[PDB]
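model_15.txt follows; it contains compact mmCIF, C-alpha atoms.
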# COMPACT_ATOMS: atom_id res chain seq x y z
CA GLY W 1 -15.73 -9.37 2.16
CA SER W 2 -14.15 -5.93 1.93
CA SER W 3 -11.91 -4.46 -0.77
CA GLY W 4 -9.73 -1.38 -0.41
CA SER W 5 -6.58 -0.29 -2.21
CA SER W 6 -8.50 2.81 -3.27
CA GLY W 7 -6.76 5.54 -1.29
CA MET W 8 -4.04 6.36 -3.81
CA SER W 9 -2.86 2.74 -3.70
CA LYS W 10 0.16 3.89 -5.69
CA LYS W 11 1.82 5.74 -2.80
CA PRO W 12 2.77 3.74 0.32
CA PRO W 13 -0.30 3.58 2.59
CA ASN W 14 -0.23 3.59 6.39
CA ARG W 15 2.23 0.74 6.96
CA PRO W 16 4.05 0.58 10.33
CA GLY W 17 7.23 -1.09 9.11
CA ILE W 18 7.48 -1.23 5.33
CA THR W 19 8.23 1.91 3.32
CA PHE W 20 8.30 2.01 -0.48
CA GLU W 21 11.31 4.19 -1.27
CA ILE W 22 14.53 4.33 -3.29
CA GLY W 23 17.21 2.18 -1.68
CA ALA W 24 14.94 1.06 1.15
CA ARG W 25 15.85 -2.29 2.69
CA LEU W 26 13.01 -4.79 3.04
CA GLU W 27 12.00 -8.41 2.40
CA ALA W 28 10.10 -9.96 -0.50
CA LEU W 29 8.09 -13.17 -0.88
CA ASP W 30 9.56 -15.22 -3.72
CA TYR W 31 7.51 -17.70 -5.75
CA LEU W 32 8.85 -20.22 -3.24
CA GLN W 33 6.81 -18.48 -0.54
CA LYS W 34 10.17 -17.85 1.13
CA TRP W 35 11.26 -14.70 2.96
CA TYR W 36 14.47 -12.90 2.01
CA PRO W 37 16.09 -9.44 2.18
CA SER W 38 15.96 -7.00 -0.74
CA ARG W 39 16.18 -3.35 -1.78
CA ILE W 40 14.33 -0.88 -4.01
CA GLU W 41 16.47 0.08 -7.00
CA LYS W 42 13.69 2.03 -8.72
CA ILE W 43 10.00 2.86 -8.37
CA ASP W 44 7.34 3.46 -11.03
CA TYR W 45 4.46 5.62 -9.80
CA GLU W 46 3.03 5.89 -13.31
CA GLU W 47 2.72 2.12 -13.64
CA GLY W 48 2.84 0.88 -10.05
CA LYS W 49 5.93 -1.32 -10.21
CA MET W 50 9.26 -1.04 -8.39
CA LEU W 51 12.62 -2.58 -9.28
CA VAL W 52 13.52 -4.77 -6.30
CA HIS W 53 16.76 -6.75 -6.02
CA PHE W 54 17.16 -10.05 -4.18
CA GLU W 55 20.18 -11.03 -2.09
CA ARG W 56 19.70 -14.79 -1.74
CA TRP W 57 20.25 -15.45 -5.44
CA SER W 58 24.05 -15.27 -5.57
CA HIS W 59 24.00 -13.76 -9.06
CA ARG W 60 22.63 -10.23 -8.73
CA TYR W 61 19.02 -11.11 -9.52
CA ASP W 62 16.64 -8.15 -9.71
CA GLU W 63 12.98 -8.06 -10.75
CA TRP W 64 10.20 -5.45 -10.72
CA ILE W 65 7.57 -6.23 -8.09
CA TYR W 66 4.29 -4.31 -7.93
CA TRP W 67 4.48 -2.24 -4.75
CA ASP W 68 0.80 -3.11 -4.42
CA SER W 69 1.39 -6.87 -4.42
CA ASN W 70 1.38 -7.05 -0.62
CA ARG W 71 4.08 -9.72 -0.72
CA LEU W 72 6.69 -7.71 1.17
CA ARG W 73 7.41 -7.50 4.90
CA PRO W 74 9.10 -4.87 7.11
CA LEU W 75 12.68 -6.13 7.39
CA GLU W 76 14.40 -5.76 10.77
CA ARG W 77 14.89 -2.05 11.45
CA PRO W 78 18.45 -0.69 11.74
CA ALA W 79 20.05 0.90 14.80
CA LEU W 80 18.93 4.49 15.41
CA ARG W 81 22.14 6.43 16.05
CA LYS W 82 23.35 3.52 18.18
CA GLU W 83 25.19 4.69 21.30
CA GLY W 84 28.94 4.25 20.96
CA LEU W 85 28.87 1.73 18.11
CA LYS W 86 32.59 1.02 18.39
CA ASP W 87 34.85 0.87 21.45
CA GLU W 88 38.43 1.34 20.26
As structure tokens, please, write out the structure in this file.
Amino acid sequence: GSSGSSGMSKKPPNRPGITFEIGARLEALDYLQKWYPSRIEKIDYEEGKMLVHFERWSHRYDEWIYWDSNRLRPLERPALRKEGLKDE
């Protein structure tokens, strides 16, 4: 076996997709092992927990999820300055 999470685990390590930030849009793995969209309301670098909000749950349901839990995935990336978004 091999354990890491030593290189300043706190900060977001080399992750091609997910990015721990304020307002960032990503997905989180709920206790139901289900995948759903979410955002980062706040981030605690002193503790290591970030306030993430879930969309699924109709009623604005937010809960702090350790950014070092490794239970989040890189949600579909947006459109980079899409060419001529509209037509009209």
Please provide as a PyMOL selection string all residues within 6 Å of stretch 65-78 of chain W, with the sequence filter that same-chain residues fewer than 5 positions apart are discarded (counting only C-alpha atoms). chain W and resi 17-18+26-29+48-50
Save the residues we just selected, C-alpha atoms, as a PDB file, keeping the file's coordinate frame?
ATOM      1  CA  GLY W  17       7.230  -1.090   9.110  1.00  0.00           C
ATOM      2  CA  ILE W  18       7.480  -1.230   5.330  1.00  0.00           C
ATOM      3  CA  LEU W  26      13.010  -4.790   3.040  1.00  0.00           C
ATOM      4  CA  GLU W  27      12.000  -8.410   2.400  1.00  0.00           C
ATOM      5  CA  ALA W  28      10.100  -9.960  -0.500  1.00  0.00           C
ATOM      6  CA  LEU W  29       8.090 -13.170  -0.880  1.00  0.00           C
ATOM      7  CA  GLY W  48       2.840   0.880 -10.050  1.00  0.00           C
ATOM      8  CA  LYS W  49       5.930  -1.320 -10.210  1.00  0.00           C
ATOM      9  CA  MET W  50       9.260  -1.040  -8.390  1.00  0.00           C
TER      10      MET W  50
END
d(atom CA of residue W:58, atom CA of residue W:24) in Å: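 Those two atoms sit 19.9 Å apart.
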Box in all listed atoms of stretch 17-26 of chain W, axis-aligned, with 8 Å more on each side; write out centre and edge lengths in Å to one decimal as JSON.
{"center_x": 12.2, "center_y": -0.2, "center_z": 2.9, "size_x": 26.0, "size_y": 25.1, "size_z": 28.4}
Which of these residues is nearest to residue W:45, using all atoms listed in the file: W:80, W:85, W:8, W:32?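 Checking each of W:80, W:85, W:8, W:32 against residue W:45, counting all atoms listed in the file, the winner is W:8.
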Just want the 12 Å neighbourhood of residue W:63, counted on only C-alpha atoms, with same-chain residues fewer than 4 positions away dropped. Output as an MDAnalysis selection string. chainID W and resid 28 30 38:43 49:55 57 67
Between atom CA of residue W:25 and atom CA of residue W:37, what distance in Å does the model show, to one decimal?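 Separation between atom CA of residue W:25 and atom CA of residue W:37: 7.2 Å.
Proximity to residue W:47 was assessed for W:10, W:81, W:86, W:15 counting all atoms listed in the file; the smallest distance is recorded for W:10.
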Just give me the gap between atom CA of residue W:84 and atom CA of residue W:23 in Å, one decimal is fine.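 Atom-to-atom, atom CA of residue W:84 to atom CA of residue W:23, that is 25.6 Å.
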Using only C-alpha atoms, can you tell me which of W:19, W:14, W:33, W:9 comes closest to residue W:46? W:9
Distance cut-off 7 Å, centre (6.1, 4.4, -0.2) in file coordinates, counting only C-alpha atoms: which residues qualify? Return them as an MDAnalysis selection string. chainID W and resid 11:12 19:21
Which of these, W:87, W:13, W:64, W:3, has the shortest distance to residue W:44 once you count all atoms listed in the file?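 Result for the nearest residue to residue W:44: W:64.
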